[PDB]
Every structure is written in structure tokens, then in C-alpha cells.
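Next up, C-alpha cells for two forms of one chain, structure 1 and then structure 2.
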Structure 1
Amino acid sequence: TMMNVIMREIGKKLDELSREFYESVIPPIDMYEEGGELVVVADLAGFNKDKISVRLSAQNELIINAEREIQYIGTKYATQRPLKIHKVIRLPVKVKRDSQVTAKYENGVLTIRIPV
């Protein structure tokens, strides 16, 4: 149903893109393999490491979760910045569930290391 999300915004100028669209599409991730390690680097500016969680379902995909809430002040024009985030990522080389996963969140950037 990802396509359905994009469609709702076809009328909109790039200034006006919805928050709901952003929740779906965020985050952008680059992911690569090096030395028996599968690394994912995602982009989540303005979030707290307590609110970020990562997991792998039995099906071979990697999952990312993040919550935040934002206080609304004054005359409001934009609600774009996403509160909730849920991202499922298909995995090309299935890492063992047992293998440890380490995530480091720095400078609005999330990095995840996964052993092969």
C-alpha cells in the first residue's frame, strides 16, 4: 500500500507534503556489506536514542521503530515533521537471529551493524 501513500500527495506542491506521507517514507537508508557485517545507515534528525528501537522478525527482514512528540507553538503552517516511524527492510543475506545487533545514533544519523 506504499503506492497509495505517494498518490495522496500528487496534487501537492513540494512545500506542502503531508506528515502522514513523511511517516511512511522516512527514513532513507544506505545499506551495504563489509567483512561479514551487514551495515544500515538511516537518517533521523531530531530524535532520541531512548525512543529508537530495532528488531528482526522471523521472516528475514530488519525492522526499525522510533517515536517522538512535538509541542505545537503559535500560528501553525506545517505539520510535516513525523512523530511515529515504522520501517521494514527486506534482507538480501539473512543474518542469524542469534547474532548480536549494535546501533549507534549520532548527529541525527542512525547506524546499525549486523553480523552475517
Structure 2
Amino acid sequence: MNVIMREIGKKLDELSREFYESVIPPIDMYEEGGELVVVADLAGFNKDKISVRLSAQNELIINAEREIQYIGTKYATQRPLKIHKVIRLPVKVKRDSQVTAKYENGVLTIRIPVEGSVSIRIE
């Protein structure tokens, strides 16, 4: 039945959007100059609608939201409305140090200041 066929298309497309919502965004992590920088491909979002935060845990969290409204017949709606990404941080980040987030060309770049030395424990 066509009605049956149509429903499947809707479900697949919705599954697709969700899959992207979990996967996006891919990130690159590297440490440079005592600086930890995270780069994320995050196309089509407002700067206001993006939030970057650090938990006390050294976890790095990225949240973004958008509304997409299209007028016309719709064949696919893959793009993710809602983004939540939680990122493990390899090393402890200096407390009370400036953190820079810049949003360019759909790319979110985060620089975290890096502390070189680790106090180690005896016994």
C-alpha cells in the first residue's frame, strides 16, 4: 500500500536525522603550545544557539540547537536539529584560565590552556 510505503519513508528519514544528531559533530583534538585545541565541524548553526562548557570533571560538553522549516514537498530531512556531544579531556585543564571558542565557516574551535606539569603521589 502507498500509505504503508509513505510511512516507511518518513521513519527512515527520521532515523537518519537521529543518526546524524548522535554522530555530529566529528572532532579533532590536539595539544599545541601548552594549549589543548578541539575542532568540530558544526555547519548551519547560530552562535547564540551554541553552548560550550567545561564540567568540573574535565569533561568537555557541546550543545547546539536549530529550527529548520521548509516550504514545499520534502524529500529528505537529514540535518540534525539537536546536537549534544560530551568529550573526554585527556589532561587536567588550568583552572581559571581563559578558554577561547571561535566559530568560523561552520567550524567550532576550542582552545583550552594546558598545564605542563603533574604533581605525583607518594606511596
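If you superpose the two forms and keep the largest set of C-alpha atoms that fall within 1.5 Å, you have the rigid core. Shifts are known only where both forms have a C-alpha. Residue indices: 1-based, along structure 1.
When the two forms are laid on each other by their rigid core, does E23 show a Cα shift of 2 Å or more between structures 1 and 2? Comparing forms between structures 1 and 2, the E23 CA shifts below 2 Å.
Flag for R97, CA shift 2 Å or larger between structures 1 and 2 after aligning core: After core superposition, the C-alpha of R97 moves 2 Å or more between structures 1 and 2.
Once both forms are fitted on the core, what is the Cα shift for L110 between structures 1 and 2 in Å? Superposing on the rigid core gives a C-alpha shift of 0.7 Å for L110.
Keeping the rigid core fixed, what distance in angstrom separates the two C-alpha positions of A58 between structures 1 and 2? For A58, the alpha-carbon shift amounts to 2.3 Å.
Counting only residues modelled in both forms, where do runs of 3+ with a CA shift of at least 2 Å appear between structures 1 and 2, relative to the core? Shifted runs of three or more residues, which all move 2 Å or more: 3 to 17, 58 to 60, 96 to 100.
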